[PDB]
């Protein structure tokens, strides 16, 4: 079935974390994004996913740091107001889904794989059908032209994802 990510009720989250000086985890989120996805429990190879993110909506709960994350030193949102992820391959791996796709971030497109898992699906208390998932992945900062070094412990960023979809059609 085809699904629409629940942006209206915001039961979708694109979070992330990366170490700070190798001393602690720095958490953040991208508050403005949307997307769709096809989920067929019997035929996993037919699954799809297409999401758009407005990178300017990054939030790590610090005005100054975020102003810096939007700068040309990092996300460079003025030049690339958007990050985008489109699947190219999906394959069932036991009780999980390995989602391979093209990530266009900071001007560069490179394939990244996410490990997703069905949390639950079923009826809506309002007459709709839903399906939610949790996912993980990593992004090597250098691969997407983000040169500003953050230390040996901070070369890649952990992606903590969770989306609830509303069945379409």
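Numbering follows the first chain given and starts at 1.
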Comparing 12-20 with 142-150, the higher average Cα temperature factor in the PDB entry belongs to 142-150
Tell me which stretch, 43-51 or 60-68, has the higher mean Cα B-factor listed in the entry. 43-51
Among 28, 137, 132, 128, highest Cα B-factor in the entry goes to 128
Of the three thirds of its chain by CA temperature factor, lowest, middle or highest, which one includes residue 123? highest
Split the chain's modelled residues into thirds by Cα B-factor; is residue 76 in the lowest, middle or highest one? lowest
